[PDB]
Each structure stands twice: as C-alpha cells, then as structure tokens.
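**Student:** Let me give you the structure first, and then I'll get to my questions.
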Amino acid sequence: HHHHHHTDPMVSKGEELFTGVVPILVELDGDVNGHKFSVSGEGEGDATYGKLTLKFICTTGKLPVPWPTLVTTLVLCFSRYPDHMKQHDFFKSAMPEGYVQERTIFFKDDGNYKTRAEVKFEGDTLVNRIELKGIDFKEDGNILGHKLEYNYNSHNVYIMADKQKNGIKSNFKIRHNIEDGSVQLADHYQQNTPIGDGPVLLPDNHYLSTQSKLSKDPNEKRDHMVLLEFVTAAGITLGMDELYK
C-alpha cells in the first residue's frame, strides 16, 4: 500500500496519514449573484489508487448552478503520486495541519467564482471547508440558466512551486459541455499555502492527470451529485539512463 517505507522521514509522515481508506467531509457555503446555497459531501479517499468516491447534497434545496461547475471546488491530497515523485507532494506534506486552497474561476463570456477553502484533518476525517462567491453572471446564461450537460472531461493540471508563498500555484482550463454541443470555458487560477508553519515539500513542475464520472443515486430525492474521480501525478522522469534502456 504501503505506505511508510521511504528513506525520507518527512515523506514517510505524510504518506502514513493517507495509507488506507480515509473518510472525507466536504462543506461549501455559496453565493452566486445573491443566490445562496449550501452543499455537504461525504465519502472516502484511497490515495494509494488516486481514488475518490463522494456524494454531494444541496442542503438548501435546488442548486442554483450546474453541479459540474462545482467539481473542482468540491481534495488533491488524494492524488496518487508515483514513488519517484513523492518528494513533490505538497498536499500530503502540509497535513495534518492542512492547507488553504484559493481559486478564481473565470467562465468565459459569463461570471466568475472566487473560492477559499481549508483542507485539514479533524481526527480521522479529511475535511474540506469552502466559501464560494460568484458575481457578474448572466441570469439566463449557461450557468444560472442550467444549460450545461451533466458530465465531465479529463484533464492535465500543471502544478508549479510558488516559493515566496511557501506553497504552490496552478492555472488550467476546464471545458463544460453545453447542451447545444458547444463548450463553456472555465479558466482556473489556483494557489495553495500551508496552514501550519512546519516544513512542506515544494515541488518541481509536474502535472495531475484527472478523470471524473458523474452519476445520480436513484433513491435520492434531494438535488445531488455522485462523483467517482481518479487523480495521478505525472510528468517527471526517473534515472538511470533510463532504468529500462
């Protein structure tokens, strides 16, 4: 699994927290053009396989934006980092004290989300607590008019160190499929910083390869999303010239 046996005791510490299946709670408070809503999510993460299983419920009634637009906002510490890359796993290294994750998400020709989250352990539970603010949306556009398909694409998200912040940054493009066959671009800008003052791992440039499947619970009457997601780190090669040459 294993996941204690690394020569680096800092790596060992972070990896230990994510051995096995870890329960997850997600809490989001949102306001988009004054449309207020809340989401609660539950499930588990198995970082050894890069695997996330989560069910989200809108606890205020009808979600006023399409569920796919919230996927990126609603725990990259469950990414599978290859053994030769484990020195570049910022997310696990910040645990259990945790990290702040902040984004601005620009929906092209529409409004923007600004998000601030804190991701940390509460006992055995990995908790993602989020505030989301959206402004300048078209009230009958693709987001507030619910014109997006209920599905999700696969991505390569590039991570860079942000050294003077002692953290990381990323910018990446998500396309949401529009029901007429077109696409709604959501351009993501992201930064993460540790919550503790302890040492963290600042990574070399690399990327996260993501894939997500959205489904519905056939017995659930509340507005909700079921998410099955896999995330794997990649983009750094090993030695020696090469192991397989």
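Residues in the structure tokens are named by chain (A, B, ... in the order shown) and by number from 1 within that chain; ligands are numbered from 1 in the order shown.
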Give me, as a Markdown table, each residue of range 82-121 of chain A that comes within 9 Å of range 142-148 of chain A, together with its shortest interatomic pair and the distance in Å at one decimal, counting only C-alpha atoms, with rows ordered by chain and rising residue number.

**Tutor:**
| residue | atom | partner | partner_atom | distance |
| --- | --- | --- | --- | --- |
| A:107 | CA | A:143 | CA | 8.8 |
| A:110 | CA | A:142 | CA | 8.1 |
| A:111 | CA | A:143 | CA | 8.7 |

**Student:** If you run DSSP on the backbone, which residues of range 13-235 of chain A are helix (DSSP H, G or I), as JSON, numbers by chain?

**Tutor:** {"A": [13, 14, 15, 16, 17, 47, 48, 49, 67, 68, 69, 70, 76, 77, 78, 83, 84, 85, 86, 87, 88, 90, 91, 92, 93, 163, 164, 165]}

**Student:** Counting only C-alpha atoms, figure out which residue out of A:1, A:206, A:175, A:55 gets nearest to residue 149 in chain A.

**Tutor:**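 Among the listed residues, A:175 lies closest to residue 149 in chain A.
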
**Student:** As a short mmCIF file (atom, residue, chain, number, x, y, z; two decimals) with C-alpha atoms, in the first residue's frame, please: the residues near residue 214 in chain A (cut-off 6 Å, only C-alpha atoms, same-chain neighbours under 6 positions excluded).

**Tutor:**
data_model
loop_
_atom_site.label_atom_id
_atom_site.label_comp_id
_atom_site.auth_asym_id
_atom_site.auth_seq_id
_atom_site.Cartn_x
_atom_site.Cartn_y
_atom_site.Cartn_z
CA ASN A 151 -20.75 15.07 -17.42
CA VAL A 226 -22.30 11.35 -7.16
CA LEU A 227 -18.58 11.66 -8.10
#

**Student:** Within 8 Å of residue 200 in chain A, counting only C-alpha atoms, which residues show up once you throw out same-chain ones fewer than 6 positions away? Write them as a VMD selection string, please.

**Tutor:** chain A and resid 90 93 to 94 166 194

**Student:** Export N, CA, C and O atoms of the chosen residues as a compact mmCIF listing (two decimals), in the first residue's frame?

**Tutor:**
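Everything below was put into again_16.txt:
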# COMPACT_ATOMS: atom_id res chain seq x y z
N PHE A 90 3.16 18.27 -2.31
CA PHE A 90 2.89 19.37 -1.38
C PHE A 90 1.68 19.06 -0.50
O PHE A 90 1.66 19.33 0.71
N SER A 93 2.16 16.71 2.37
CA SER A 93 3.20 17.22 3.27
C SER A 93 2.67 18.27 4.24
O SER A 93 3.25 18.45 5.31
N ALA A 94 1.59 18.97 3.86
CA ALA A 94 1.02 20.01 4.70
C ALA A 94 0.13 19.46 5.82
O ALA A 94 -0.31 20.19 6.68
N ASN A 166 5.70 29.85 -0.06
CA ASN A 166 5.93 28.56 0.61
C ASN A 166 4.84 27.56 0.21
O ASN A 166 4.40 26.71 0.99
N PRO A 194 0.43 26.48 3.07
CA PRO A 194 0.19 25.70 4.29
C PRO A 194 -0.44 26.50 5.39
O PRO A 194 -0.24 27.72 5.47

**Student:** Could you list, as a ChimeraX atom specification, every residue within 10 Å of residue 34 in chain A, counting only C-alpha atoms and ignoring same-chain residues fewer than 6 positions away?

**Tutor:** /A:133-135

**Student:** Find the residue from A:150, A:106, A:99, A:113 that sits nearest to residue 216 in chain A; use only C-alpha atoms when measuring.

**Tutor:**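 Closest to residue 216 in chain A, using only C-alpha atoms: A:150.
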
**Student:** So, counting only C-alpha atoms, which residue among A:47, A:26, A:208, A:243 is closest to residue 80 in chain A?

**Tutor:** A:47

**Student:** Considering only C-alpha atoms, can you say which of A:232, A:104, A:125, A:73 comes closest to residue 169 in chain A?

**Tutor:**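 Once distances to residue 169 in chain A are computed over only C-alpha atoms, the minimum belongs to A:104.
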
**Student:** Excluding residue 8 in chain A and its own-chain neighbours fewer than 4 positions away, which residues fall within 12 Å of it when counting only C-alpha atoms? Please give them as a PDB file with N, CA and C atoms, in the first residue's frame.

**Tutor:**
ATOM      1  N   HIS A   4       4.607   3.519   4.399  1.00  0.00           N
ATOM      2  CA  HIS A   4       5.506   4.139   5.367  1.00  0.00           C
ATOM      3  C   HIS A   4       6.977   4.158   4.897  1.00  0.00           C
ATOM      4  N   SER A  12       7.687   9.922   4.695  1.00  0.00           N
ATOM      5  CA  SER A  12       7.037   8.865   5.462  1.00  0.00           C
ATOM      6  C   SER A  12       5.854   9.376   6.278  1.00  0.00           C
ATOM      7  N   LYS A  13       6.024  10.538   6.896  1.00  0.00           N
ATOM      8  CA  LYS A  13       4.979  11.079   7.761  1.00  0.00           C
ATOM      9  C   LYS A  13       3.699  11.399   6.981  1.00  0.00           C
ATOM     10  N   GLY A  14       3.855  12.038   5.828  1.00  0.00           N
ATOM     11  CA  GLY A  14       2.690  12.410   5.044  1.00  0.00           C
ATOM     12  C   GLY A  14       2.017  11.197   4.450  1.00  0.00           C
ATOM     13  N   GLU A  15       2.834  10.280   3.977  1.00  0.00           N
ATOM     14  CA  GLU A  15       2.315   9.105   3.325  1.00  0.00           C
ATOM     15  C   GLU A  15       1.520   8.248   4.324  1.00  0.00           C
ATOM     16  N   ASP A  83       6.003   6.685  -6.620  1.00  0.00           N
ATOM     17  CA  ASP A  83       7.080   6.651  -5.668  1.00  0.00           C
ATOM     18  C   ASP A  83       8.236   7.610  -6.037  1.00  0.00           C
ATOM     19  N   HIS A  84       8.685   7.613  -7.300  1.00  0.00           N
ATOM     20  CA  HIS A  84       9.780   8.525  -7.667  1.00  0.00           C
ATOM     21  C   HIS A  84       9.417  10.010  -7.647  1.00  0.00           C
ATOM     22  N   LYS A  86       7.324  11.239  -4.921  1.00  0.00           N
ATOM     23  CA  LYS A  86       6.677  11.537  -3.629  1.00  0.00           C
ATOM     24  C   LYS A  86       7.309  12.748  -2.916  1.00  0.00           C
ATOM     25  N   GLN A  87       8.525  13.123  -3.297  1.00  0.00           N
ATOM     26  CA  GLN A  87       9.120  14.328  -2.758  1.00  0.00           C
ATOM     27  C   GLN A  87       8.468  15.595  -3.281  1.00  0.00           C
ATOM     28  N   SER A  93       2.157  16.714   2.371  1.00  0.00           N
ATOM     29  CA  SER A  93       3.200  17.220   3.274  1.00  0.00           C
ATOM     30  C   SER A  93       2.669  18.275   4.237  1.00  0.00           C
ATOM     31  N   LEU A 201       6.790  20.178   1.435  1.00  0.00           N
ATOM     32  CA  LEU A 201       7.509  19.824   0.225  1.00  0.00           C
ATOM     33  C   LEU A 201       7.107  20.761  -0.911  1.00  0.00           C
TER      34      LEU A 201
END

**Student:** For range 57-65 of chain A, find every residue with an atom within 10 Å (counting only C-alpha atoms), except residues of its own chain fewer than 5 positions away, and show them as a ChimeraX atom specification.

**Tutor:** /A:27-28,30-33,35-42,70,142-148,220-226

**Student:** Could you write out the selected residues, including C-alpha atoms, as a short mmCIF file (atom, residue, chain, number, x, y, z; two decimals), in the first residue's frame?

**Tutor:**
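Output saved as selection-v7.cif:
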data_model
loop_
_atom_site.label_atom_id
_atom_site.label_comp_id
_atom_site.auth_asym_id
_atom_site.auth_seq_id
_atom_site.Cartn_x
_atom_site.Cartn_y
_atom_site.Cartn_z
CA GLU A 27 -18.81 21.63 3.37
CA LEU A 28 -19.49 24.51 0.99
CA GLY A 30 -22.03 29.58 -1.63
CA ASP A 31 -23.48 32.80 -3.03
CA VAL A 32 -23.71 33.30 -6.81
CA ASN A 33 -25.36 36.58 -7.89
CA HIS A 35 -28.46 33.04 -4.98
CA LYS A 36 -27.37 31.46 -1.68
CA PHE A 37 -26.88 27.74 -1.22
CA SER A 38 -25.05 25.11 0.77
CA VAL A 39 -23.53 21.74 -0.12
CA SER A 40 -22.49 18.85 2.10
CA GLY A 41 -20.45 15.97 0.70
CA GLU A 42 -19.37 12.62 2.15
CA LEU A 70 -18.58 22.90 -8.68
CA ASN A 142 -25.23 28.82 -19.33
CA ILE A 143 -24.64 28.69 -15.56
CA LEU A 144 -27.68 30.35 -13.97
CA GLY A 145 -29.84 29.05 -16.82
CA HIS A 146 -28.68 25.44 -16.32
CA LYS A 147 -27.55 24.81 -19.90
CA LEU A 148 -24.59 22.50 -19.10
CA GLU A 220 -32.10 10.25 -3.61
CA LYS A 221 -34.82 12.93 -3.92
CA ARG A 222 -32.58 15.83 -2.87
CA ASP A 223 -30.59 17.72 -5.51
CA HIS A 224 -27.24 15.89 -5.52
CA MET A 225 -24.14 14.65 -7.38
CA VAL A 226 -22.30 11.35 -7.16
#

**Student:** Point out the residue among A:154, A:164, A:191, A:211 with the least atom-to-atom distance to residue 117 in chain A, counting only C-alpha atoms.

**Tutor:**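 Using only C-alpha atoms, the shortest distance to residue 117 in chain A belongs to A:191.
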
**Student:** CA of residue 238 in chain A and CA of residue 89 in chain A are how many Å apart?

**Tutor:**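 Here the two named atoms are 15.9 Å from each other.
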
**Student:** Looking only at strand (DSSP E) from DSSP on the backbone, list the matching residues of range 16-243 of chain A as a PyMOL selection string.

**Tutor:** chain A and resi 22-32+35-46+51-58+99-107+112-122+125-135+155-162+167-177+183-194+206-215+224-234
